[PDB]
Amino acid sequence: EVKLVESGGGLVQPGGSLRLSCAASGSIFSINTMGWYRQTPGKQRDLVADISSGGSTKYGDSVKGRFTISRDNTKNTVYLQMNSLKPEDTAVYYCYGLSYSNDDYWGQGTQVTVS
């Protein structure tokens, strides 16, 4: 139903920064929470950051203090400012969104690599 377009990934040197962005399609009243999980070396994907339409944020412990998530007031677009990146932050970062009926939508993902 919803399309999530991701961009902003790539390669960066240790200590560098990247800005991820995710834009939701469809109705503007069809998405509430948006954020990012990231692939672990194993099977699961861990929470990085997400934000409600009202601006409530929650971060994963391993990025607290370094990562910051924000949202555009008008459009359903979120931004993830990643600072002080380390090699252990290398992973595929999946954008996601929750409908107001608690339906989850997932993007393709964007590979982030730190030398």
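Throughout, rigid core stands for the largest set of C-alpha atoms superposing within 1.5 Å between the two forms. When you see a residue number, it is the position in the sequence shown, counting from 1.
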Check: Fitting on the core, do the C-alphas of 70-78 or of 50-58 deviate more in 8 other deposited structures of this protein?
Finding: 70-78
Item checked: Third-or-more of other entries without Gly26 -> no
Margin query: Across the other PDB entries of this protein that model residues on both sides of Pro87, is it left without coordinates in at least a third of them?
Written below: no
Margin query: Highest mean C-alpha temperature factor of the two stretches 26-34 and 46-54, which is it?
Written below: 26-34
Note to self: Please compare 37-45 with 60-68 and say which has the higher mean C-alpha temperature factor in the record.
What the structure shows: 37-45
Notebook entry, point to check: Out of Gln81, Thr90, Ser84, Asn73, which shows the largest CA B-factor listed in the entry?
Noted result: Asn73
Margin query: Is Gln13 in the lowest, middle or highest third of its chain when residues are ranked by C-alpha B-factor?
Written below: middle
